[PDB]
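Trainee: Here it is, the structure, as structure tokens.
2 protein chains.
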Amino acid sequence: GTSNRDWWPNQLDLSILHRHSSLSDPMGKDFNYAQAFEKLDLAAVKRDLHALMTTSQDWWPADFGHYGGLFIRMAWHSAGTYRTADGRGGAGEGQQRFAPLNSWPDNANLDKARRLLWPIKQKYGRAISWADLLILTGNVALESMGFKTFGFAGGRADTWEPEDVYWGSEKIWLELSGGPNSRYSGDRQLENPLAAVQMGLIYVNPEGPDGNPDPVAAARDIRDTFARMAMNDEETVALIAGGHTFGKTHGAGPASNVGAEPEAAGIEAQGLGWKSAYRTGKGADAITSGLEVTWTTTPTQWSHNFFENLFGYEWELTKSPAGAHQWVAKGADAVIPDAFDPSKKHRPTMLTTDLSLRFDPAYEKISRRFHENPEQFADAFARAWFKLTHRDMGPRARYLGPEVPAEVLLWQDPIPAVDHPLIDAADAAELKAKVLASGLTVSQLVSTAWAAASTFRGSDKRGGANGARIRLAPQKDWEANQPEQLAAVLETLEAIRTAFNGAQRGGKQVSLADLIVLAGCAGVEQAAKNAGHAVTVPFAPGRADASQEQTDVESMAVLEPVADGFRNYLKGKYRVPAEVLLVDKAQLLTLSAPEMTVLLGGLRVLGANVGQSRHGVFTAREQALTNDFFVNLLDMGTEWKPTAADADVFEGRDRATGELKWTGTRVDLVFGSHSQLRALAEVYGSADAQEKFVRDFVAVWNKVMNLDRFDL
Amino acid sequence: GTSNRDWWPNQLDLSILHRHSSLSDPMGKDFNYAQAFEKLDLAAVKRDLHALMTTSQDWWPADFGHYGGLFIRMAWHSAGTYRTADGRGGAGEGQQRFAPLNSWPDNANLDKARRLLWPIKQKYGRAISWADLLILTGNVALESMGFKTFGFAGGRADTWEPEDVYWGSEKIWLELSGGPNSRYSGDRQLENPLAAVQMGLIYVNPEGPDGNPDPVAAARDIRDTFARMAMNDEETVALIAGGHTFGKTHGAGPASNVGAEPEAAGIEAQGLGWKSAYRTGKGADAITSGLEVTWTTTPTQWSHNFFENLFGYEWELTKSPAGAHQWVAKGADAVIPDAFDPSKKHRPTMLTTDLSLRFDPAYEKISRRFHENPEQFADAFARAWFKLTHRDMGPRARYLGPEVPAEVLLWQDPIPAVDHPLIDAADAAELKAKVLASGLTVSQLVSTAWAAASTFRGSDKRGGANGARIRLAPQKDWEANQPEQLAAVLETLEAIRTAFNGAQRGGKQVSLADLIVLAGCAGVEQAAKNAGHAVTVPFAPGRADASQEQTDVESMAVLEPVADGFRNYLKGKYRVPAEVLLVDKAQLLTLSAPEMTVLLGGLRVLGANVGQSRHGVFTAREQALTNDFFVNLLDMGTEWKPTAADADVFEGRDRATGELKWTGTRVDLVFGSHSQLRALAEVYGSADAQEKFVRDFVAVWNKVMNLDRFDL
Ligand code: HEM
Ligand code: HEM
Ligand SMILES: [Cl-]
Ligand code: NA
Ligand code: NA
């Protein structure tokens, strides 16, 4: 059947805002995963996973009698989709079991790994999510093979449909760069927000860049893609050498033997894929990547034999049985055990990307230190493996269970504990009145609280107003945050805070993080009062103030809004139309299309625009909370045309007189153009809508203020 | 951005079961449109609509100074998408304001019509839906121009995103037949469920079949497509001749002047399209269809002039100024008024499809009767306009407001009023015990109640267990209903009814409609008991029994299930795979994916399959309510393969021994294959899920039993 997407392939897609509906979720509306997990017998789950490691199934025999390597790869792939640019991908939603990730070429035969785990998932049911189980299984694999992990947190709730992620524009799996849809431009610049070199790869091509077996060139792609997954050089070397301490690759025969990926396979395959016609199709005959490399002399035991081999041999370019480029140790004895035949041994082998760790000069120094000091290697790998597998879990408050590491890590964007009584309802009312009596305007108060709260993204649960990081580098100097106006607001609020905290007893005090949000609440209540409407905006205290020393300024760079339609802000010109960037922002903020619509219409008339731009400010009572944006936008008395100067800025003129009434961007006018958004704008721009508009605006304002409040 | 649909364009689409979520809806979850409409001042709205008729806007000037013809077309097009095959389309959800219908070629310039209504929509807000307003505007247009309508019902709730409808497979607007995606095969057979001749037309091509101007061949397409929209010869003549008593077509210059349809237009067009470069692009210069026809001497007044012209002249093939085929009266005077220039008059003109009403012998007889008996024409048109505009509104219990016709019409599938006390909980316990003491099995009770209730479709709200039409022609004869088994169950239930009603005083009695549903509830209770579970199934009395004479047997044919995955039933071999037909059926039953999953797993083990097929009966305890279907389906100890005899039937064998354990269809195994359906099956197949399965099953069973219960 022909669909709207066929007819109008460039129209905005709002369906990404309406995922994860109660409709698609088999659990009751009252289901609380954290409550279920907190009663899990995690020790009993880990004993079952431990037994599983050495219980081979004939439909997918265990290499060396041990599934550990397979399950470490499974858990690394689960986590390895993560991109810092948007926070999308990662292990935190168990998306490996859905399209497209269940059928990526780099996830070949991880369908078998997930199927091995169904008996344990079935036993423990809703008390352990697939998302937690994939990571736990990787931890138990490591533990069973003598590696001490840094710890584990539960709390990744299962999802029930694919995430809407931009994985790239290529129409061919693993397409080499330089195609019609190339993800590369300039001097090998990978397009944001991608963090993989080819469609369907986790990071890089194990042969080398676009198949060129050059370890030095490969090292470039490794460093670039790992940095885009939040890993520096030490972490990257620790992870790759740590992983490739275990197990083997699978390339026993030509790739033409391997059939359809799971999403393409026949219904009889019952959710599995990559059925191989090569000899037995599994075990000693397995084909996965097409490479055939076994790194260490003890693939089922933690060792420092990866670096011993990397540095102890010279390497020769060779071909797998599948015709893939790989390396073998020159002059070596057969010292590596065979996966199935206890009478066969093999020479040491390496991937191009393994040799990167020796032939890139910066990796070489780290790899030599790890070689000489394997206790340093073990500790870096444990820390990196925790970071990898938890990077998208959000604040430490979300971490469940008895194995949570007590060490607070800089990458967690940590929030200090609150040690003192919180302000009560009367205190909140006193502070709101003091804020409004200071002379801070509605526009200043709403703009500041919006700037602080709207860094949250639900993709990796980073950002939000908790921490008061808006006062620190680098948030205080982001262009979108209007640094000089922000500095003046924060100075006034800090004087209000000092006076209130000075006057208290019993150690009661208010954080600046709370006061910035409460001040924004006062701005919204004042705007409602300006409109002739008395409303109370909800407020929940208990935010704390993080220090500069507790803030990684480099990691905070990815949270900078370079597009924020809710402030009519675009840092520069992009490929992507501004309205597409608005819907992307609404998705990160976890907003529905109705929530996005009411929030944007209200922010316009409150003065939230960066630079006090008039664009979309369709009111003659700025700083009053009215539905004026919608009533004026939908007024057929006004005709719109793109400006001569700028095709992305529109003039609204009286249709009769030609008088200039308004100007607006694409972000403003899309609400009068897109057939689904216009239907929403009509509800809010109706004569009966003033009370509904205020209520809905207050609701979505409060939602945004609370996005990072996992402490509640 | 490459999507899962791009990679796997044949995988099942579950998103059609999760549309119309609370997420996309701007109204509160408690919003009750019926209650809002009941408070509407309908008299005030109709005064506003009467005023609008002659209030010309310069951006789309009114023909003859009266918008009535444009609005009648707008309302006819709102209703005219309806198909009897699936009940999809029609006016009942206001889908003309969304993609794709807002942009169909046949809906060109109806964007202008809807925009003229925005001020009235704005003024009355949520108290009148767009869906109600489009039809009410059509009524007022007719009343304004002298035609007395049969009545009007409110209660069409607005919807907030496009309906998932198969409109055809063509990838070109208006493609003529015989293309690579032809909707025609054999002797001009239109594929079910389509009810138009070309992609983006309402019914037929006004020039003639595939543009061939043969009124006789055109009559064939008119008959077929109108029959597929529930209209017979009399209704079809009345509707076309009635409509074309008013207004005019628009083709003042070449179609090449007309730009992008609304969904393709620039953002500055603010939701309008078909902007024309021809002269002023509007009014006298309007281009809509490309035809230039005005039917009557008084296009803004009800007249008998359509049939006077049709019969009173001989017709000559000619071309509009756009190059379209149409017909001019041989030797006629210039009697037709111009829409704008009082100094111009025109010869009578007709479309090919108008001449059909004369040159098709069966239409000719009706047209002549209407010409000779104008009162018969007026009454037929009024009744057909009502039916057209209310055909998808469902039972009369949904009809709101003060203009609802009292007359009960056969096409409404009327239910008699209940005039007696209903059974209470004590009676329901007594009737269930009698049902279970009769010897009727779980399989018989569940199968009969499923057969009765599952005819419902939310597309046009036809069907369901109310009326006990399963005992009448043609439902009692449907293969899916197992006529011989059905007859035996009904005979036993009618004997229980007779004995219960015979023992009552005070006029209390139970309908067979109620007893069938209650007996099915007893079956489910007995099944739960068979599984060691104490369960009560909710039951709401108040169904009444319709007569054979209240049941149009030809209209009832389109509800016949030729595919019902819930009974593992396929009447023959279709081009669409069985699992796509299962999701289509779930959508018509208003089920979510979780609901569809739990229902199907439960029905399989209760013995609801047609013919007692073993396909999908993955239990050793049939007629016990357990999650066995899921636990056995997900057992990796079983391997599945298609049979030699039948690629659509699968054998489940022990992996280790090769012993046959089970057989299943595509409908069974899709729950083990589709990545999202398998995630749902896993929840219900987990060790902690038996009580959840039972309670979810009872909830969705009750939901299906109540689908048509608008009396509640
Ligand atoms: C440049 C980065 C990396 C590349 C190109 C890479 C490439 C590969 C390839 C091609 C395979 C063979 C797949 C097969 O045929 O079965 C593999 C296996 C594996 N990788 Fe990596 N890898 C990378 C990083 C990592 C990391 C970060 C980890 C975990 C910390 C990891 C752990 C493993 C394990 C345990 C296996 C063995 C699977 C088995 O025994 O079945 N890899 N890798
Ligand atoms: C065989 C069925 C039909 C055909 C092929 C057909 C075709 C057309 C076409 C081509 C136009 C001109 C559109 C334009 O250029 O503006 C039109 C106009 C119209 N049709 Fe029909 N029609 C049919 C049935 C109906 C029915 C059932 C109704 C209503 C009961 C109706 C009411 C109208 C009206 C009122 C207009 C005039 C619009 C105006 O004044 O702007 N038609 N029709
Ligand atoms: Cl639940
Ligand atoms: Na993420
Ligand atoms: Na419908």
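Residue numbers (the deposited numbering), protein chains in the order written: chain A, 36 to 747; chain B, 36 to 747.
Idealized CB from N, CA, C, for every residue including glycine.
1. Spell out the partners DSSP gives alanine 364(B) in its beta bridges.
2. Using a 10 Å radius around the Cβ and a threshold of 16 neighbouring Cβ atoms, would you call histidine 85(A) buried or exposed?
3. Using beta carbons (cut-off 7 Å, strictly below), is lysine 676(B) in contact with chain A?
4. Return helix, strand or coil for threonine 533(B), following the three-state DSSP convention.
5. When every heavy atom of ligand 2 is checked, does at least one fall within less than 6 Å of the C-beta of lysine 310(B)?
6. Excluding the five sequence neighbours on either side, which residues of its own chain have a C-beta within less than 7 Å of the C-beta of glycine 499(A), listed in chain order?
7. For the candidate residues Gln233(A), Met109(A), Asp146(A), whose alpha-carbon lies nearest to that of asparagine 174(A)?
8. Measuring straight from C-alpha to C-alpha, what distance separates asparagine 39(B) and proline 197(A)?
9. Identify each residue in the stretch 149 to 176 of chain B for which the Cβ-Cβ distance to at least one residue of chain A is less than 9 Å, and report them in chain order.
10. Return the chain-ordered ranges of every alpha helix (DSSP H) run that is complete within the stretch 227 to 311 of chain B and spans a minimum of 4 residues.
11. Taking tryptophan 195(A) and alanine 714(B) to be in contact with their CB atoms under 8 Å, please state how far apart those CB atoms are, rounded to whole angstroms.
12. Taking 6 Å as the cut-off, does the CB of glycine 115(B) come closer than this to any heavy atom belonging to ligand 5?
13. Using the Cα positions of residue 15(A) and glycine 186(A), report the straight-line distance between them to the nearest angstrom.
14. Would you call the stretch 135 to 145 of chain B and the stretch 154 to 167 of chain B in contact, with 3 or more CB pairs under 8 Å?
15. Using DSSP with H/G/I as helix, E/B as strand and the rest coil, what is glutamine 520(B)?
16. Note down the Cα distance separating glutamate 584(A) from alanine 562(A), rounded to an integer number of angstroms.
17. Which word fits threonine 533(B), buried or exposed, when buried means at least 16 other C-beta atoms lie within 10 angstroms of its C-beta?
18. Quick check: the Cα distance between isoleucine 170(A) and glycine 189(A), rounded to an integer number of angstroms?
19. Compare the beta carbon distance of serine 648(A) and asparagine 603(A) with 7 Å and say whether it is the shorter of the two.
20. So what does DSSP say about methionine 62(B), is it helix, strand or coil?
21. Closest to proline 430(A) by C-alpha separation, out of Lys496(A), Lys380(A), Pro383(A), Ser355(A), would be which residue?
22. Taking three-plus beta-carbon pairs below 8 Å as touching, is the stretch 240 to 258 of chain A in contact with the stretch 355 to 366 of chain A?
23. Give me the subset of the stretch 109 to 127 of chain B whose CB atoms are less than 9 Å from a CB atom of chain A, sorted by chain position.
24. At a Cβ cut of 8 Å, what residues of the stretch 304 to 327 of chain A count as close to chain B, listed as they run along the chain?
25. Cα separation between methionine 591(A) and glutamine 510(A)?
26. With a threshold of 16 other CB atoms inside 10 Å of the CB of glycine 358(B), please say whether the residue is buried or exposed.
27. How would you label residue 29(B), buried or exposed, when you count the other beta carbons within 10 angstroms and need 16 or more for buried?
28. Output the residues surrounding ligand 4, defined as those with a CB atom closer than 7 Å to any ligand heavy atom, in chain order.
29. Just how far apart, CA to CA, sit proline 409(B) and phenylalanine 106(B)?
30. Have a look at the DSSP bridge pairing and note the partners of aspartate 689(A).
31. Sorry if obvious, but does the Cβ on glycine 502(A) come closer than 6 Å to a heavy atom of ligand 1?
32. I'd like the list of long-range same chain contacts for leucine 352(B), defined as Cβ closer than 7 Å, with 5 residues on each side in sequence excluded.
33. Looking only at its chain, what residues have a beta carbon closer than 6 Å to the beta carbon of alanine 419(A), apart from the 5 residues adjacent to it on each side?
34. Does any residue of chain A bring its CB to less than 7 Å from the CB of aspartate 723(B)?
35. DSSP beta-bridge partners for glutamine 224(B)?
36. Could you tell me whether any Cβ in chain B is nearer than 7 Å to the Cβ of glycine 651(A)?
Mentor: So, from the data block:
1. Looking up residue 364(B) in the second sequence gives position 329. Answer is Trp350(B).
2. Counting from 1 along the first sequence, the entry for residue 85(A) is found at position 50. With fewer than 16 other Cβ atoms from the protein chains shown falling within 10 Å of its own Cβ, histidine 85(A) counts as exposed.
3. As a first step, residue 676(B) is located in the second sequence; it is residue number 641 there, counting from the start. Judged by the 7 Å Cβ criterion, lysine 676(B) is in contact with chain A.
4. In the second sequence, residue 533(B) corresponds to position 498, counting from 1. Three-state DSSP puts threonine 533(B) in a helix.
5. Residue numbering aside, residue 310(B) sits at position 275 when the second sequence is read from its first letter. The beta carbon of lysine 310(B) sits no closer than 6 Å to any heavy atom of ligand 2.
6. Working through the first sequence from its first residue, we reach residue 499(A) at position 464. Correct list, in chain order: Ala488, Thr490, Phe491, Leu742, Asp743.
7. Position 139 of the first sequence, counting from 1, holds the residue named residue 174(A). If we check each option's Cα against that of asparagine 174(A), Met109(A) comes out closest.
8. Taking the second sequence and counting its residues from 1, one reaches residue 39(B) at position 4. Taking the first sequence and counting its residues from 1, one reaches residue 197(A) at position 162. Using only the alpha carbons, I get a separation of about 9 Å.
9. Listed by position, the residues of the stretch 149 to 176 of chain B near chain A (Cβ gap below 9 Å) are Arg150, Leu151, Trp153, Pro154, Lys156, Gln157, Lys158, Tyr159, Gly160, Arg161, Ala162, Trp165.
10. Fully enclosed alpha helix (DSSP H) runs of 4 or longer: 250 to 262, 268 to 278.
11. Taking the first sequence and counting its residues from 1, the one referred to as residue 195(A) is at position 160. Taking the second sequence and counting its residues from 1, the one referred to as residue 714(B) is at position 679. Yes, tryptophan 195(A) and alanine 714(B) are in contact; Cβ-Cβ is about 6 Å, under 8 Å.
12. The sequence position of residue 115(B) within the second sequence is 80, counting from 1. Between ligand 5 and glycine 115(B), a heavy atom-to-CB distance of less than 6 Å is absent.
13. Since the first residue of chain A shown is 36 and the last is 747, residue 15(A) is not available in this structure.
14. No, because fewer than three Cβ pairs between the stretch 135 to 145 of chain B and the stretch 154 to 167 of chain B fall closer than 8 Å, the two stretches do not touch.
15. The residue given as residue 520(B) occupies position 485 in the second sequence. Of the three classes helix, strand and coil, the one that applies to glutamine 520(B) here is helix, per DSSP.
16. Position 549 of the first sequence, counted from the start, is the residue given in the question as residue 584(A). Position 527 of the first sequence, counted from the start, is the residue given in the question as residue 562(A). Cα to Cα, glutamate 584(A) sits roughly 37 Å from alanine 562(A).
17. For this step, residue 533(B) is matched to residue 498 along the second sequence. So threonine 533(B) counts as exposed.
18. In the first sequence, counting from the first residue as 1, residue 170(A) sits at position 135. In the first sequence, counting from the first residue as 1, residue 189(A) sits at position 154. Near 9 Å, if we compare the C-alpha coordinates of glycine 189(A) and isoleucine 170(A).
19. The residue labelled residue 648(A) in the question sits at position 613 within the first sequence. The residue labelled residue 603(A) in the question sits at position 568 within the first sequence. For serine 648(A) and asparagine 603(A), yes; Cβs fall inside 7 Å.
20. As a first step, residue 62(B) is located in the second sequence; it is residue number 27 there, counting from the start. Secondary structure at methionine 62(B): coil, using DSSP grouped into helix, strand and coil.
21. If you number the first sequence from 1, residue 430(A) lands on position 395. When each option's Cα is compared against that of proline 430(A), the closest is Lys496(A).
22. The stretch 240 to 258 of chain A, when compared against the stretch 355 to 366 of chain A, does touch it at the 8 Å Cβ threshold.
23. Those residues of the stretch 109 to 127 of chain B that come within reach of chain A (Cβ to Cβ, closer than 9 Å) do not exist; the list is empty.
24. Contact annotation: in the stretch 304 to 327 of chain A, residues whose CB is within less than 8 Å of a CB in chain B are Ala304, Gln305, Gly306.
25. As a first step, residue 591(A) is located in the first sequence; it is residue number 556 there, counting from the start. As a first step, residue 510(A) is located in the first sequence; it is residue number 475 there, counting from the start. The alpha-carbon atoms of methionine 591(A) and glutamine 510(A) are separated by roughly 8 Å.
26. Taking the first residue of the second sequence as position 1, residue 358(B) is located at position 323. Exposed, by the Cβ-count rule.
27. No answer is possible for residue 29(B): it lies beyond the span of chain B, which begins at 36 and ends at 747.
28. This selection yields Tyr117(A), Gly122(A), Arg123(A), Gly124(A), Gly125(A), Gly127(A), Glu128(A), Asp427(A), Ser494(A), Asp495(A).
29. Your numbering for residue 409(B) matches position 374 in the second sequence. Your numbering for residue 106(B) matches position 71 in the second sequence. Cα-Cα distance, rounded: 23 Å.
30. As a first step, residue 689(A) must be located in the first sequence, where it is residue number 654. Residue pairing by DSSP puts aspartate 689(A) in a beta bridge opposite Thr673(A).
31. Taking the first sequence and counting its residues from 1, one reaches residue 502(A) at position 467. Outside the cutoff, so no.
32. The residue you call residue 352(B) lines up with position 317 of the second sequence. Correct list, in chain order: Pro248, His360, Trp362.
33. Counting from one through the first sequence, the residue named residue 419(A) turns up at place 384. Beyond the five residues adjoining it in sequence on each side, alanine 419(A) comes within less than 6 Å, by CB distance, of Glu270, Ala273, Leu274 in the same chain, given in chain order.
34. Residue 723(B) sits at position 688 when you count from the first residue of the second sequence. Yes, contact with chain A.
35. Numbered from 1 along the second sequence, position 189 holds the residue referred to as residue 224(B). In the DSSP secondary-structure assignment, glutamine 224(B) is bridged to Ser220(B).
36. Numbered from 1 along the first sequence, position 616 holds the residue referred to as residue 651(A). With its beta carbon at least 7 Å from every one in chain B, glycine 651(A) lies outside the interface.
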